[PDB]
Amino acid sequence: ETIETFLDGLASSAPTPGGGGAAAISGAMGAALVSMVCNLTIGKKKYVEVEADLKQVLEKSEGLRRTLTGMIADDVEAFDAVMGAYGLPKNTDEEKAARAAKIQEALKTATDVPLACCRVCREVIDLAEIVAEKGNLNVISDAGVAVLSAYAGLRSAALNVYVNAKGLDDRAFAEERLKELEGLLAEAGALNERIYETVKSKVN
């Protein structure tokens, strides 16, 4: 899909793509920029001490980028399934029961997907940190864009987890997913500002 077409879809009254899709894109760009800093530090003679560490980082970030790029489509199809299920008919007892059950199972999927996106964005913040410490100083600004895009991705997906978890009958499933989410948010809140500041400082 074209960036312009995606953006036209996002802006429209089409329920997909939505915030979940944009979240995965924020994450993917974060993963990509970590990979860029690695690719532009590996080889450089001044940066031999970190080359092996950054080849490992590049390995994981390229992994995270593939996953997060896939997650754009996962969130779109997860949220289409939710709208699908709200649109089933509700004339009879049996239909009302089928509809309610299918809504619940779509909601569950549309909670796990943004939550998965949160986990991968949290890992991108960890790699953003390393390339902020070790990266080629000429391109260090890209480590700062990576952490901001990843943190945007994380808190964007988090809102999707909150709004979906609230509609679930299974309170054990919901409360387990919220507790994980809170810990990912609290960790990322502590690191995001510090990594930005390290980059802001090296930039000036």
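Numbers for residues come from their place in the sequence shown, where the first is 1.
Looking at 148-156 and 64-72 together, the entry lists the larger mean B-factor for 64-72, computed on C-alpha atoms. Note on 51-59 vs 31-39: mean CA B-factor is higher in 51-59.
For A14, the recorded CA temperature factor ranks within the highest third of the chain's modelled residues.
Ranked against the other modelled residues of its chain, the C-alpha B-factor of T109 as given in the entry falls in the lowest third. Ranked by Cα temperature factor within the chain, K102 sits in the middle third according to the deposited record. The deposited CA B-factor of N164 belongs to the middle third of values across its chain. When the modelled residues of the chain are ordered by C-alpha B-factor, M83 sits in the highest third.
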